[PDB]
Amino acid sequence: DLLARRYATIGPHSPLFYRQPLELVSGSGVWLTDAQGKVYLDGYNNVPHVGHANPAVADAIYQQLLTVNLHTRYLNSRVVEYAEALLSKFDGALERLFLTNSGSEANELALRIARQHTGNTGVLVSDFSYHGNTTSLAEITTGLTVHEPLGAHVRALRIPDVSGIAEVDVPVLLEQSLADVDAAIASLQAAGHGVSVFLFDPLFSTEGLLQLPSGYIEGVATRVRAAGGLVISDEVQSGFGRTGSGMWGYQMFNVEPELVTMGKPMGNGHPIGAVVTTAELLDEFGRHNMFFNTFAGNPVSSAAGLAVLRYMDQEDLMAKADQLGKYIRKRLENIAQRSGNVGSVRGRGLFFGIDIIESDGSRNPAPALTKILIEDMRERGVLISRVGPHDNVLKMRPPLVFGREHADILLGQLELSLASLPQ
């Protein structure tokens, strides 16, 4: 009676995947086993960045739990070691760290640092995005339903997507998108909000995995900084080497953010987030606020984060993701060329997707067919999902220990699944 018992305690609205919620009882690496003993390839979960049940992570956490686990008002070496290891993954002026317990807490603090620093309130976000679940983040949310109306201090941008657009038309797309940014900024200024931040997921995953014209992000940053604002890269989806080509998603662009936020993978499942920032921004915020987060930077959270970084580094996972990503993209392009139910190939590294469309010549988004594919792939023993404003972009985002053998299983099942659709 597990579903009933859940509904009587945490309630029926807390989301569950699939028509029939799956009960997953164990995992190992990329493999998950449900309560009936069926085994699935995990094509979806990024939180277990270094695999389900990774024993190096388990051991590091357990050993620290046998030692001591206190807040950061007493000195302790584990937090300092972890901060050093994490900050060694950043360049330029990104050289200080605030630890938190979630991605929402990180984005909440980043927006607060920015609001205080800039003396402005205005927020630029995409028109189909999600950055967390606090009050301030609800007021800026466009990609999921919330009761709060969109804040008067918010402008939502239509982030440009070159996918399937003729290469001759990109310059007009870029020029128009940037004029839209100018208009947003001028609007926020006229209203008295000014510009505090541009906040974005570098993969634009919730948006449908957009491929941007070169110069868009750089152009936004320039305009935002001319308005006295800051740039925040939300790395919850693109971070920790997920893209292959760089540790952080913002590296796909010619931009250095003042603020970088993170959560998901960082502790393999342990509740940890962070805000990485400049010396000037951390120092200022600390002079103005007696800021403290009780659980942040505790030794056990730090042990978990350290073990994740150590494991990624020892197993060369980021470089592996880059090579495997390229292979997967070539296969997906073959799939797209031949399937009338596939539009464009999207993403990078081990965050990959395809938009699912009607085969009747309309190229219309086909959410229903997308659902069919998600459910059929589950039947075939692979967990995937979807994103995007039309609910038609398959989203594949496995643990970063997913290798070539796993990719061939997933892609072969995807092909067969596509071949089973009608018309």
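We number the residues from 1 along the sequence you see.
Q: Mean C-alpha B-factor higher for 305-313, or for 101-109?
A: Looking at the recorded C-alpha B-factors, 305-313 comes out higher on average.
Q: Can you let me know which of the two, 156-164 or 213-221, has the higher average C-alpha B-factor in the entry?
A: For C-alpha atoms only, the mean B-factor is higher in 156-164.
Q: Looking at 133, 72, 278, 205, which has the biggest Cα B factor in the entry?
A: Out of 133, 72, 278, 205, the record gives the largest C-alpha B-factor to 72.
Q: Taking the values straight from the PDB record, which of 90, 198, 292, 327 has the highest C-alpha temperature factor?
A: The listed residue with the largest C-alpha B-factor is 292.
Q: Ranked by Cα temperature factor within the chain, is residue 241 in the lowest third, the middle third or the highest third?
A: Lowest third, going by the recorded CA B-factors of the chain.
Q: Grab the CA temperature factor for residue 32 from the record and place it in the lowest, middle or highest third of its chain.
A: Highest third - that is where residue 32 ends up once the chain's C-alpha B-factors are sorted.
Q: Splitting the chain's C-alpha B-factors into thirds, which one does residue 146 fall into?
A: According to the entry, residue 146 has a C-alpha B-factor in the chain's middle third.
Q: Going by the CA temperature factor in the PDB record, which third of the chain does residue 179 belong to: lowest, middle or highest?
A: For residue 179, the deposited C-alpha B-factor lands in the middle third.
Q: Lowest, middle or highest third: where is residue 169 by C-alpha B factor in its chain?
A: Within its chain, residue 169 is a highest-third residue by C-alpha B-factor, going by the deposited values.
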